[PDB]
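Student: Submitted below is the structure of interest, expressed as structure tokens.
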Amino acid sequence: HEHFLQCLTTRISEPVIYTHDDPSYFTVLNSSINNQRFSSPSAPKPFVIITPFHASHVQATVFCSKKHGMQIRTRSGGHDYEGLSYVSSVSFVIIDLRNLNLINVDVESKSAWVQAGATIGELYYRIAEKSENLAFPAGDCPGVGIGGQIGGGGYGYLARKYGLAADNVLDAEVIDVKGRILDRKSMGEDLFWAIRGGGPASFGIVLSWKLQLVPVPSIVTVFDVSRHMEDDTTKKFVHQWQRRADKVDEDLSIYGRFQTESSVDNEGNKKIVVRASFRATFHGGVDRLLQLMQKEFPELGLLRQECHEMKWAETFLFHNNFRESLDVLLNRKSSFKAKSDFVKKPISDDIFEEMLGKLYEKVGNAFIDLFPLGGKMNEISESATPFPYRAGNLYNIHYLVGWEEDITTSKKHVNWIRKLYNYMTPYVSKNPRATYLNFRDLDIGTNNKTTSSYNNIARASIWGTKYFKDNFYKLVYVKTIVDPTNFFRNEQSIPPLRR
Ligand SMILES: *Cc1cc2c(nc3c(=O)[nH]c(=O)nc-3n2C[C@H](O)[C@H](O)[C@H](O)COP(=O)(O)OP(=O)(O)OC[C@H]2O[C@@H](n3cnc4c(N)ncnc43)[C@H](O)[C@@H]2O)c(*)c1C
């Protein structure tokens with residue numbers, strides 16, 4: 001290891017390098033660990049953490065890590081569901097891109113250059129600073145890094161209108177295994193295809209994205225309402241949501257969320273209730289929204305007083321529960337296990353109720369979310385990016401169980417969510433069991449940790465066709481061309497073919 005440090009110190013003439021002895025190391029490590037499952041002192045720790053300010057800091061780290069057999073994990077926002085950006089089973093270093101967060105918005109060309117350590121929140125602020133009529137389709141969690149979110153797709157309220165973030169990328173700059181800086185034209189269309197939704201950690205290190213900005217009106221409308229599950233109107237609305245939320249006007253995206261809570265009846269007897277919440281952004285005015293809901297979802301009974309008009313960028317305040325705050329908050333804590341599925345056929349009302357009934361074992365700390373697809377998603381080819389789940393997909397269902405990290409509670413929580421996943425098997429898509437890469441899940445399979453490349457590819461196709469369906473085979477080809485020695489690897493990285 002000492003040679004590796006001398007290599008770095010010689011190539012990075014300097015705070016860029018943080019060692020175990022440096023007192024800021026643990027602060028910089030824990031700073032962007034966002035699933036506390038992996039913050040334990042027993043979790044594996046990086047030998048060093050690099051916080052580059054320049055692309056040559058990354059170039060030096062790649063050279064030295066290759067020369068001395070260190071594994072790199074790239075970290076942008078640190079939101080990886082399985083912590084793959086900051087844990088490894090081998091000796092590793094973290095390249096943490098937090099300092100490469102510069103953003104250049106150009107209104108006349110409707111485009112922005114964005115360094116890959118910028119957060120979603122930072123990007124939205126920088127857009128609003130220059131124009132209330134421009135946006136970019138991405139998630140709504142403002143702490144998420146642009147590097148990983150675009151890297152695996154990037155879904156949100158504008159997806160039904162404009163597609164995934166990965167569908168709205170014009171150019172990019174990447175470092176490959178040979179230390180070269182490439183952009184779209186010099187890297188080729190195949191690698192430019194692979195990094196937009198295929199998990200860039202398999203192929204190199206993305207340094208920046210060139211984004212295509214999209215039009216939005218000056219005023220949009222939001223709501224976040226609760227409804228009573230025992231009312232027939234609520235049950236019809238969920239029935240109708242399953243059949244219609246992917247088919248309504250592309251300006252409207254309605255999410256659903258379900259959870260249980262502890263309550264009491266009128267007599268004071270303890271009772272568990274299911275709470276149903278529906279939250280939405282309509283890219284339009286409130287009167288048009290209300291006419292639309294009466295036409296398509298009258299059973300929700302949406303009230304004018306539940307709707308709120310604002311500028312597009314303020315919806316991320318509302319949807320993150322900043323409901324006085326300035327946009328500047330976008331410039332600024334638990335352990336969880338999550339899983340997810342794609343649904344191609346409406347789940348019958350009785351099975352949906354049995355699925356909700358599993359929440360009675362996990363009161364207050366488990367959530368089922370429903371995200372609608374269709375719209376623009378149906379018009380985009382399944383091989384336009386590595387994300388393949390377009391036409392034929394009605395919605396994504398997302399399961400989550402959370403807890404506070406304090407010791408067998410963890411195993412009981414993970415066990416519960418697996419059985420719910422196993423219960424859903426017959427009613428969700430299959431062959432492959434479609435999975436959204438940005439909801440990473442190691443349970444669906446991991447790589448060999450050395451056998452032949454044939455066996456590596458056969459094993460990796462278990463998880464690989466779940467994330468990518470048929471696009472997995474093109475991904476293996478790109479990996480074979482651009483990283484034949486398999487330097488950039490992790491528990492779920494595309495393997496190359498060898499001779
Ligand atoms: C925690 C969290 C995640 C969310 C949230 N909301 C989302 C939403 O509304 N829509 C979505 O589509 N996804 C949402 N997600 C999930 C995130 O999209 C994914 O979890 C992202 O992968 C997270 O990105 P990032 O914050 O950058 O996480 P990292 O752990 O740093 O990276 C993930 C993954 O990608 C590799 N990688 C990152 N950056 C690079 C670069 N520049 N080059 C190469 N490889 C890179 C990492 O190595 C890792 O493997 C809401 C919340 C609260």
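Residue numbering restarts at 1 in every chain; chains get A, B, ... in the order shown in the structure tokens, and ligands count up from 1 in that same order.
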Output as a JSON list (two decimals) with N, CA and C atoms, in the first residue's frame all residues of region 214-327 of chain A that backbone DSSP marks as strand (DSSP E or B).
Tutor:
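Once everything was written out, this is states14.json:
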```
[["chain", "number", "residue", "atom", "x", "y", "z"],
["A", 214, "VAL", "N", -35.54, 21.48, -21.11],
["A", 214, "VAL", "CA", -36.86, 21.27, -21.70],
["A", 214, "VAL", "C", -37.83, 22.37, -21.26],
["A", 215, "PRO", "N", -38.85, 22.69, -22.06],
["A", 215, "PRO", "CA", -39.79, 23.76, -21.69],
["A", 215, "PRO", "C", -40.77, 23.34, -20.61],
["A", 220, "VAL", "N", -47.00, 25.87, -12.56],
["A", 220, "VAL", "CA", -47.45, 24.48, -12.50],
["A", 220, "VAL", "C", -48.22, 24.27, -11.20],
["A", 221, "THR", "N", -48.86, 23.10, -11.08],
["A", 221, "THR", "CA", -49.76, 22.79, -9.98],
["A", 221, "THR", "C", -49.38, 21.47, -9.33],
["A", 222, "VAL", "N", -49.45, 21.42, -8.00],
["A", 222, "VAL", "CA", -49.07, 20.24, -7.23],
["A", 222, "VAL", "C", -50.17, 19.93, -6.22],
["A", 223, "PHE", "N", -50.16, 18.69, -5.74],
["A", 223, "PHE", "CA", -50.99, 18.34, -4.61],
["A", 223, "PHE", "C", -50.37, 17.14, -3.91],
["A", 224, "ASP", "N", -50.76, 16.94, -2.66],
["A", 224, "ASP", "CA", -50.31, 15.79, -1.86],
["A", 224, "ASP", "C", -51.41, 15.54, -0.83],
["A", 225, "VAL", "N", -52.30, 14.60, -1.14],
["A", 225, "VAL", "CA", -53.53, 14.41, -0.38],
["A", 225, "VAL", "C", -53.57, 13.00, 0.17],
["A", 226, "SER", "N", -54.31, 12.85, 1.27],
["A", 226, "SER", "CA", -54.52, 11.57, 1.90],
["A", 226, "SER", "C", -55.97, 11.13, 1.66],
["A", 227, "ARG", "N", -56.18, 9.82, 1.59],
["A", 227, "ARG", "CA", -57.54, 9.31, 1.41],
["A", 227, "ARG", "C", -57.73, 8.08, 2.28],
["A", 228, "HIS", "N", -59.00, 7.76, 2.55],
["A", 228, "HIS", "CA", -59.38, 6.66, 3.43],
["A", 228, "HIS", "C", -59.51, 5.37, 2.61],
["A", 252, "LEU", "N", -49.48, 15.27, -16.56],
["A", 252, "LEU", "CA", -49.93, 14.86, -15.23],
["A", 252, "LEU", "C", -49.27, 13.55, -14.80],
["A", 253, "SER", "N", -48.57, 13.57, -13.67],
["A", 253, "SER", "CA", -47.97, 12.38, -13.08],
["A", 253, "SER", "C", -48.40, 12.29, -11.62],
["A", 254, "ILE", "N", -49.11, 11.20, -11.28],
["A", 254, "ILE", "CA", -49.65, 10.98, -9.93],
["A", 254, "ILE", "C", -48.97, 9.77, -9.31],
["A", 255, "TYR", "N", -48.23, 9.99, -8.22],
["A", 255, "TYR", "CA", -47.62, 8.93, -7.44],
["A", 255, "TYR", "C", -48.56, 8.48, -6.33],
["A", 256, "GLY", "N", -48.40, 7.23, -5.90],
["A", 256, "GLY", "CA", -49.14, 6.71, -4.77],
["A", 256, "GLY", "C", -48.18, 6.22, -3.70],
["A", 257, "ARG", "N", -48.62, 6.30, -2.44],
["A", 257, "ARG", "CA", -47.84, 5.75, -1.34],
["A", 257, "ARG", "C", -48.76, 5.13, -0.30],
["A", 258, "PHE", "N", -48.36, 3.96, 0.21],
["A", 258, "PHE", "CA", -49.11, 3.22, 1.21],
["A", 258, "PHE", "C", -48.19, 2.84, 2.35],
["A", 259, "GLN", "N", -48.75, 2.88, 3.56],
["A", 259, "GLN", "CA", -48.04, 2.57, 4.79],
["A", 259, "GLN", "C", -49.08, 2.23, 5.85],
["A", 260, "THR", "N", -48.65, 1.56, 6.92],
["A", 260, "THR", "CA", -49.55, 1.40, 8.06],
["A", 260, "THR", "C", -49.15, 2.32, 9.21],
["A", 261, "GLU", "N", -50.13, 2.63, 10.06],
["A", 261, "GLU", "CA", -49.88, 3.41, 11.26],
["A", 261, "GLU", "C", -50.73, 2.88, 12.40],
["A", 262, "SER", "N", -50.25, 3.16, 13.62],
["A", 262, "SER", "CA", -50.97, 2.81, 14.83],
["A", 262, "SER", "C", -52.07, 3.83, 15.09],
["A", 263, "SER", "N", -53.28, 3.35, 15.30],
["A", 263, "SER", "CA", -54.38, 4.24, 15.61],
["A", 263, "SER", "C", -55.23, 3.58, 16.69],
["A", 264, "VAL", "N", -56.38, 4.18, 16.94],
["A", 264, "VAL", "CA", -57.35, 3.67, 17.89],
["A", 264, "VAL", "C", -58.73, 3.88, 17.29],
["A", 270, "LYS", "N", -56.82, -0.33, 20.30],
["A", 270, "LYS", "CA", -55.72, -0.22, 19.35],
["A", 270, "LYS", "C", -56.09, -0.87, 18.02],
["A", 271, "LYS", "N", -55.77, -0.19, 16.93],
["A", 271, "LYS", "CA", -56.07, -0.66, 15.59],
["A", 271, "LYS", "C", -54.96, -0.20, 14.65],
["A", 272, "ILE", "N", -54.61, -1.05, 13.69],
["A", 272, "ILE", "CA", -53.67, -0.69, 12.63],
["A", 272, "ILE", "C", -54.46, -0.30, 11.39],
["A", 273, "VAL", "N", -54.15, 0.87, 10.82],
["A", 273, "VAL", "CA", -54.83, 1.34, 9.62],
["A", 273, "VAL", "C", -53.80, 1.48, 8.50],
["A", 274, "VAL", "N", -54.26, 1.30, 7.27],
["A", 274, "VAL", "CA", -53.46, 1.61, 6.10],
["A", 274, "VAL", "C", -53.75, 3.05, 5.70],
["A", 275, "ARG", "N", -52.71, 3.85, 5.54],
["A", 275, "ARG", "CA", -52.83, 5.20, 5.00],
["A", 275, "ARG", "C", -52.43, 5.20, 3.53],
["A", 276, "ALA", "N", -53.26, 5.82, 2.70],
["A", 276, "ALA", "CA", -53.02, 6.01, 1.28],
["A", 276, "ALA", "C", -52.81, 7.50, 1.00],
["A", 277, "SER", "N", -51.68, 7.83, 0.36],
["A", 277, "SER", "CA", -51.33, 9.19, -0.02],
["A", 277, "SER", "C", -51.09, 9.25, -1.53],
["A", 278, "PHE", "N", -51.56, 10.32, -2.16],
["A", 278, "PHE", "CA", -51.37, 10.53, -3.58],
["A", 278, "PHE", "C", -50.82, 11.93, -3.80],
["A", 279, "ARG", "N", -49.69, 12.03, -4.52],
["A", 279, "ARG", "CA", -48.96, 13.27, -4.69],
["A", 279, "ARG", "C", -48.64, 13.46, -6.17],
["A", 280, "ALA", "N", -48.66, 14.70, -6.63],
["A", 280, "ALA", "CA", -48.63, 14.88, -8.07],
["A", 280, "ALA", "C", -48.04, 16.24, -8.43],
["A", 281, "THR", "N", -47.48, 16.30, -9.63],
["A", 281, "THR", "CA", -47.20, 17.56, -10.29],
["A", 281, "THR", "C", -47.95, 17.55, -11.62],
["A", 282, "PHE", "N", -48.68, 18.62, -11.89],
["A", 282, "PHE", "CA", -49.31, 18.86, -13.18],
["A", 282, "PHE", "C", -48.59, 20.04, -13.85],
["A", 308, "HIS", "N", -52.00, 23.59, -5.38],
["A", 308, "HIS", "CA", -51.13, 24.73, -5.12],
["A", 308, "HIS", "C", -50.36, 25.06, -6.40],
["A", 309, "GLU", "N", -50.50, 26.30, -6.86],
["A", 309, "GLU", "CA", -49.74, 26.78, -8.00],
["A", 309, "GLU", "C", -48.44, 27.40, -7.53],
["A", 310, "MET", "N", -47.41, 27.26, -8.35],
["A", 310, "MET", "CA", -46.07, 27.76, -8.07],
["A", 310, "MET", "C", -45.26, 27.65, -9.35]]
```
Student: Please give me, as a PyMOL selection string, the residues lying within 7 Å of ligand 1 when counting only C-alpha atoms and all ligand atoms.
Tutor: chain A and resi 34+73-81+83-85+97+116-117+138-141+143-149+151-156+199-201+204-207+438-439
Student: Taking a cut-off of 12 Å and counting only C-alpha atoms, can you build a table that, for each residue of region 435-478 of chain A near region 408-426 of chain A, reports the nearest atom pair and how far apart they are in Å (one decimal), sorted by chain then residue number, as a tab-separated table?
Tutor:
```
residue	atom	partner	partner_atom	distance
A:441	CA	A:418	CA	11.1
A:442	CA	A:418	CA	12.0
A:443	CA	A:418	CA	8.9
A:444	CA	A:418	CA	10.9
```
Student: So that each row is one residue of region 380-498 of chain A with an atom at most 12 Å from region 39-50 of chain A, can you give its shortest atom pair and the distance in Å to one decimal, using only C-alpha atoms, rows by chain and rising number, as JSON lines?
Tutor:
```
{"residue": "A:404", "atom": "CA", "partner": "A:39", "partner_atom": "CA", "distance": 11.7}
{"residue": "A:405", "atom": "CA", "partner": "A:40", "partner_atom": "CA", "distance": 8.5}
{"residue": "A:406", "atom": "CA", "partner": "A:40", "partner_atom": "CA", "distance": 9.4}
{"residue": "A:407", "atom": "CA", "partner": "A:40", "partner_atom": "CA", "distance": 11.3}
```
Student: Write a file of the just-selected residues containing N, CA and C atoms, as a compact mmCIF listing (two decimals), in the first residue's frame.
Tutor:
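What ended up in selection-v9.txt:
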```txt
# COMPACT_ATOMS: atom_id res chain seq x y z
N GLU A 404 -33.74 2.81 12.26
CA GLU A 404 -32.66 3.62 12.81
C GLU A 404 -31.50 2.71 13.20
N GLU A 405 -30.30 3.08 12.77
CA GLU A 405 -29.12 2.25 13.01
C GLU A 405 -28.70 2.40 14.47
N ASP A 406 -28.86 1.34 15.25
CA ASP A 406 -28.41 1.35 16.63
C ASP A 406 -27.44 0.19 16.88
N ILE A 407 -29.85 -5.50 17.45
CA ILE A 407 -28.88 -5.50 16.35
C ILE A 407 -29.28 -6.57 15.34
```
Student: Run DSSP on the backbone and tell me which residues of region 194-312 of chain A come out as helix (DSSP H, G or I); list them as a VMD selection string.
Tutor: chain A and resid 194 to 195 200 to 202 232 to 244 286 to 296 298 to 300 304 to 306 312
Student: Next, dump the selected residues to file, keeping only C-alpha atoms, as a PDB file, in the first residue's frame.
Tutor:
```
ATOM      1  CA  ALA A 194     -23.754   2.511 -22.330  1.00  0.00           C
ATOM      2  CA  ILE A 195     -23.135   5.261 -19.752  1.00  0.00           C
ATOM      3  CA  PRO A 200     -21.107   4.048 -15.660  1.00  0.00           C
ATOM      4  CA  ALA A 201     -19.180   2.364 -12.844  1.00  0.00           C
ATOM      5  CA  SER A 202     -18.728  -0.634 -15.183  1.00  0.00           C
ATOM      6  CA  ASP A 232     -65.313   2.670  -1.941  1.00  0.00           C
ATOM      7  CA  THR A 233     -64.293   5.862  -3.795  1.00  0.00           C
ATOM      8  CA  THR A 234     -60.660   5.358  -2.761  1.00  0.00           C
ATOM      9  CA  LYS A 235     -60.775   1.722  -3.845  1.00  0.00           C
ATOM     10  CA  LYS A 236     -62.216   2.652  -7.243  1.00  0.00           C
ATOM     11  CA  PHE A 237     -59.576   5.383  -7.639  1.00  0.00           C
ATOM     12  CA  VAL A 238     -56.723   2.895  -7.082  1.00  0.00           C
ATOM     13  CA  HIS A 239     -58.477   0.492  -9.463  1.00  0.00           C
ATOM     14  CA  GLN A 240     -58.687   3.323 -12.009  1.00  0.00           C
ATOM     15  CA  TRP A 241     -55.102   4.523 -11.293  1.00  0.00           C
ATOM     16  CA  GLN A 242     -53.720   1.085 -12.234  1.00  0.00           C
ATOM     17  CA  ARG A 243     -55.552   1.223 -15.574  1.00  0.00           C
ATOM     18  CA  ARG A 244     -55.244   4.926 -16.399  1.00  0.00           C
ATOM     19  CA  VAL A 286     -55.054  24.453 -11.624  1.00  0.00           C
ATOM     20  CA  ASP A 287     -58.292  24.938 -13.592  1.00  0.00           C
ATOM     21  CA  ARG A 288     -57.043  22.644 -16.366  1.00  0.00           C
ATOM     22  CA  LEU A 289     -55.899  20.150 -13.719  1.00  0.00           C
ATOM     23  CA  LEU A 290     -59.315  20.146 -12.010  1.00  0.00           C
ATOM     24  CA  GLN A 291     -61.136  19.624 -15.317  1.00  0.00           C
ATOM     25  CA  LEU A 292     -58.742  16.783 -16.148  1.00  0.00           C
ATOM     26  CA  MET A 293     -59.217  15.022 -12.794  1.00  0.00           C
ATOM     27  CA  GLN A 294     -63.007  15.242 -13.078  1.00  0.00           C
ATOM     28  CA  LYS A 295     -62.784  13.609 -16.508  1.00  0.00           C
ATOM     29  CA  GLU A 296     -60.255  10.857 -15.615  1.00  0.00           C
ATOM     30  CA  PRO A 298     -63.508  11.696 -10.310  1.00  0.00           C
ATOM     31  CA  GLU A 299     -63.286   9.074  -7.545  1.00  0.00           C
ATOM     32  CA  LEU A 300     -60.299  10.883  -6.024  1.00  0.00           C
ATOM     33  CA  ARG A 304     -59.352  23.034  -5.311  1.00  0.00           C
ATOM     34  CA  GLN A 305     -58.026  23.767  -1.825  1.00  0.00           C
ATOM     35  CA  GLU A 306     -55.675  20.775  -2.059  1.00  0.00           C
ATOM     36  CA  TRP A 312     -41.618  24.658 -11.579  1.00  0.00           C
TER      37      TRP A 312
END
```
Student: Closest to residue 90 (chain A) among A:489, A:59, A:396, A:335, using only C-alpha atoms?
Tutor: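 For residue 90 (chain A), the nearest of the given residues is A:489.
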Student: Tell me, in Å to one decimal, how far CA of residue 122 (chain A) is from CA of residue 142 (chain A).
Tutor: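 Interatomic distance here is 7.6 Å.
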Student: Residue 108 (chain A): which residues within 12 Å, counting only C-alpha atoms, same-chain residues fewer than 3 positions away excluded, as number ranges by chain?
Tutor: A: 105, 111-112, 130-131, 133-134, 212-214
Student: Atoms to include: N, CA, C and O atoms. Write the selected residues as an mmCIF file, in the first residue's frame.
Tutor:
```cif
data_model
loop_
_atom_site.group_PDB
_atom_site.id
_atom_site.type_symbol
_atom_site.label_atom_id
_atom_site.label_comp_id
_atom_site.auth_asym_id
_atom_site.auth_seq_id
_atom_site.Cartn_x
_atom_site.Cartn_y
_atom_site.Cartn_z
ATOM 1 N N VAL A 105 -25.302 26.941 -17.200
ATOM 2 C CA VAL A 105 -26.583 26.952 -17.910
ATOM 3 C C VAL A 105 -26.541 27.989 -19.032
ATOM 4 O O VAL A 105 -26.182 29.151 -18.799
ATOM 5 N N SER A 111 -29.456 24.308 -22.968
ATOM 6 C CA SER A 111 -28.540 23.227 -22.652
ATOM 7 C C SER A 111 -27.677 23.652 -21.481
ATOM 8 O O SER A 111 -27.483 24.843 -21.230
ATOM 9 N N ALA A 112 -27.180 22.663 -20.744
ATOM 10 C CA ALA A 112 -26.262 22.945 -19.652
ATOM 11 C C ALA A 112 -25.158 21.904 -19.615
ATOM 12 O O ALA A 112 -25.411 20.708 -19.808
ATOM 13 N N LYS A 130 -31.768 31.283 -13.969
ATOM 14 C CA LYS A 130 -31.661 31.877 -15.288
ATOM 15 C C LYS A 130 -32.954 31.862 -16.075
ATOM 16 O O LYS A 130 -33.029 32.508 -17.124
ATOM 17 N N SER A 131 -33.963 31.136 -15.620
ATOM 18 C CA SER A 131 -35.184 31.018 -16.394
ATOM 19 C C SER A 131 -36.227 30.260 -15.607
ATOM 20 O O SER A 131 -35.971 29.147 -15.124
ATOM 21 N N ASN A 133 -38.828 29.193 -17.232
ATOM 22 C CA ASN A 133 -39.509 28.372 -18.233
ATOM 23 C C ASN A 133 -38.660 27.201 -18.727
ATOM 24 O O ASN A 133 -38.991 26.577 -19.750
ATOM 25 N N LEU A 134 -37.599 26.856 -18.026
ATOM 26 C CA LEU A 134 -36.796 25.723 -18.446
ATOM 27 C C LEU A 134 -36.681 24.736 -17.298
ATOM 28 O O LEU A 134 -36.779 25.117 -16.129
ATOM 29 N N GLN A 212 -29.783 18.488 -22.197
ATOM 30 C CA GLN A 212 -30.793 19.189 -22.982
ATOM 31 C C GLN A 212 -31.899 19.654 -22.031
ATOM 32 O O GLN A 212 -32.604 18.827 -21.441
ATOM 33 N N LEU A 213 -32.055 20.968 -21.880
ATOM 34 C CA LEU A 213 -33.121 21.511 -21.048
ATOM 35 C C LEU A 213 -34.425 21.547 -21.832
ATOM 36 O O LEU A 213 -34.428 21.619 -23.061
ATOM 37 N N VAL A 214 -35.539 21.479 -21.107
ATOM 38 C CA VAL A 214 -36.862 21.268 -21.698
ATOM 39 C C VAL A 214 -37.829 22.366 -21.256
ATOM 40 O O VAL A 214 -37.653 22.955 -20.173
#
```
Student: Give me the residues near residue 488 (chain A) as a PDB file with N, CA and C atoms, in the first residue's frame, where near means some atom within 12 Å (using only C-alpha atoms) and where sequence neighbours in that chain fewer than 6 positions away do not count.
Tutor:
```pdb
ATOM      1  N   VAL A  62      -6.428   6.873 -11.314  1.00  0.00           N
ATOM      2  CA  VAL A  62      -6.594   5.697 -12.168  1.00  0.00           C
ATOM      3  C   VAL A  62      -5.243   5.060 -12.475  1.00  0.00           C
ATOM      4  N   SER A  65      -3.925   3.466  -9.188  1.00  0.00           N
ATOM      5  CA  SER A  65      -4.723   2.317  -8.760  1.00  0.00           C
ATOM      6  C   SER A  65      -4.483   1.119  -9.661  1.00  0.00           C
ATOM      7  N   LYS A  66      -4.370   1.354 -10.972  1.00  0.00           N
ATOM      8  CA  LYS A  66      -4.035   0.278 -11.901  1.00  0.00           C
ATOM      9  C   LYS A  66      -2.652  -0.294 -11.620  1.00  0.00           C
ATOM     10  N   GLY A  69      -2.787  -2.257  -8.137  1.00  0.00           N
ATOM     11  CA  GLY A  69      -3.905  -3.147  -7.839  1.00  0.00           C
ATOM     12  C   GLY A  69      -4.885  -2.661  -6.788  1.00  0.00           C
ATOM     13  N   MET A  70      -5.218  -1.373  -6.797  1.00  0.00           N
ATOM     14  CA  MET A  70      -6.278  -0.843  -5.950  1.00  0.00           C
ATOM     15  C   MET A  70      -7.578  -0.784  -6.742  1.00  0.00           C
ATOM     16  N   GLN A  71      -8.694  -1.027  -6.074  1.00  0.00           N
ATOM     17  CA  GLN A  71      -9.985  -0.900  -6.727  1.00  0.00           C
ATOM     18  C   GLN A  71     -10.540   0.488  -6.467  1.00  0.00           C
ATOM     19  N   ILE A  72     -11.116   1.091  -7.496  1.00  0.00           N
ATOM     20  CA  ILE A  72     -11.740   2.408  -7.375  1.00  0.00           C
ATOM     21  C   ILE A  72     -13.237   2.235  -7.193  1.00  0.00           C
ATOM     22  N   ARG A  73     -13.812   2.976  -6.254  1.00  0.00           N
ATOM     23  CA  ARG A  73     -15.241   3.231  -6.233  1.00  0.00           C
ATOM     24  C   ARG A  73     -15.463   4.724  -6.451  1.00  0.00           C
ATOM     25  N   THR A  74     -16.279   5.059  -7.447  1.00  0.00           N
ATOM     26  CA  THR A  74     -16.621   6.446  -7.722  1.00  0.00           C
ATOM     27  C   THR A  74     -17.856   6.817  -6.918  1.00  0.00           C
ATOM     28  N   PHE A  92      -9.669  -0.821  -1.429  1.00  0.00           N
ATOM     29  CA  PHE A  92     -10.200   0.117  -2.407  1.00  0.00           C
ATOM     30  C   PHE A  92      -9.926   1.548  -1.974  1.00  0.00           C
ATOM     31  N   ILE A 175     -13.422   9.638 -18.253  1.00  0.00           N
ATOM     32  CA  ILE A 175     -12.099   9.052 -18.191  1.00  0.00           C
ATOM     33  C   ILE A 175     -12.241   7.547 -18.367  1.00  0.00           C
ATOM     34  N   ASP A 176     -11.488   6.969 -19.307  1.00  0.00           N
ATOM     35  CA  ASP A 176     -11.464   5.522 -19.463  1.00  0.00           C
ATOM     36  C   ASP A 176     -10.280   4.925 -18.705  1.00  0.00           C
ATOM     37  N   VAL A 177     -10.111   3.602 -18.849  1.00  0.00           N
ATOM     38  CA  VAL A 177      -9.076   2.866 -18.123  1.00  0.00           C
ATOM     39  C   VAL A 177      -7.673   3.319 -18.534  1.00  0.00           C
ATOM     40  N   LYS A 178      -7.513   3.806 -19.758  1.00  0.00           N
ATOM     41  CA  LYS A 178      -6.225   4.305 -20.212  1.00  0.00           C
ATOM     42  C   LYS A 178      -5.961   5.756 -19.790  1.00  0.00           C
ATOM     43  N   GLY A 199     -25.128   2.063 -15.926  1.00  0.00           N
ATOM     44  CA  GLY A 199     -24.230   2.037 -14.796  1.00  0.00           C
ATOM     45  C   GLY A 199     -22.802   2.354 -15.217  1.00  0.00           C
ATOM     46  N   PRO A 200     -22.457   3.643 -15.239  1.00  0.00           N
ATOM     47  CA  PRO A 200     -21.107   4.048 -15.660  1.00  0.00           C
ATOM     48  C   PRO A 200     -19.988   3.419 -14.856  1.00  0.00           C
ATOM     49  N   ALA A 201     -20.260   2.916 -13.655  1.00  0.00           N
ATOM     50  CA  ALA A 201     -19.180   2.364 -12.844  1.00  0.00           C
ATOM     51  C   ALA A 201     -18.561   1.130 -13.487  1.00  0.00           C
ATOM     52  N   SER A 202     -19.265   0.496 -14.434  1.00  0.00           N
ATOM     53  CA  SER A 202     -18.728  -0.634 -15.183  1.00  0.00           C
ATOM     54  C   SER A 202     -17.710  -0.234 -16.247  1.00  0.00           C
ATOM     55  N   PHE A 203     -17.632   1.046 -16.624  1.00  0.00           N
ATOM     56  CA  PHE A 203     -16.956   1.435 -17.868  1.00  0.00           C
ATOM     57  C   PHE A 203     -15.894   2.508 -17.701  1.00  0.00           C
ATOM     58  N   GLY A 204     -15.950   3.310 -16.660  1.00  0.00           N
ATOM     59  CA  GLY A 204     -15.001   4.394 -16.442  1.00  0.00           C
ATOM     60  C   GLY A 204     -15.574   5.371 -15.420  1.00  0.00           C
ATOM     61  N   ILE A 205     -15.162   6.626 -15.534  1.00  0.00           N
ATOM     62  CA  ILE A 205     -15.552   7.669 -14.587  1.00  0.00           C
ATOM     63  C   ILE A 205     -16.093   8.851 -15.376  1.00  0.00           C
ATOM     64  N   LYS A 479     -18.326  -3.309 -22.917  1.00  0.00           N
ATOM     65  CA  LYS A 479     -17.341  -3.580 -21.877  1.00  0.00           C
ATOM     66  C   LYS A 479     -16.114  -4.281 -22.457  1.00  0.00           C
ATOM     67  N   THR A 480     -16.332  -5.254 -23.346  1.00  0.00           N
ATOM     68  CA  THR A 480     -15.213  -5.970 -23.942  1.00  0.00           C
ATOM     69  C   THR A 480     -14.286  -5.025 -24.704  1.00  0.00           C
ATOM     70  N   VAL A 482     -14.024  -1.495 -24.300  1.00  0.00           N
ATOM     71  CA  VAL A 482     -13.470  -0.329 -23.607  1.00  0.00           C
ATOM     72  C   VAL A 482     -12.796  -0.669 -22.276  1.00  0.00           C
ATOM     73  N   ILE A 494     -20.753  -5.057 -15.441  1.00  0.00           N
ATOM     74  CA  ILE A 494     -20.734  -5.840 -16.688  1.00  0.00           C
ATOM     75  C   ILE A 494     -19.358  -6.477 -16.857  1.00  0.00           C
ATOM     76  N   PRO A 495     -19.268  -7.784 -17.076  1.00  0.00           N
ATOM     77  CA  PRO A 495     -17.959  -8.410 -17.318  1.00  0.00           C
ATOM     78  C   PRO A 495     -17.615  -8.392 -18.795  1.00  0.00           C
ATOM     79  N   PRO A 496     -16.337  -8.413 -19.139  1.00  0.00           N
ATOM     80  CA  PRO A 496     -15.941  -8.501 -20.546  1.00  0.00           C
ATOM     81  C   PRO A 496     -15.786  -9.950 -21.003  1.00  0.00           C
TER      82      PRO A 496
END
```
Student: Taking only C-alpha atoms into account, name the residue in A:91, A:342, A:366, A:163 that is nearest to residue 432 (chain A).
Tutor: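 Using only C-alpha atoms, residue 432 (chain A) sits closest to A:342.
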Student: My list of candidates is A:458, A:434, A:302, A:102. Which is closest to residue 208 (chain A) when distances are computed with only C-alpha atoms?
Tutor: A:102
Student: Find the residues near residue 10 (chain A): any atom within 12 Å, counting only C-alpha atoms, skip ones fewer than 6 places away on the same chain, and give them as a list in words.
Tutor: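 Result of the neighbour search: residues 3, 4, 17, 57, 60, 61, 63 and 64 of chain A.
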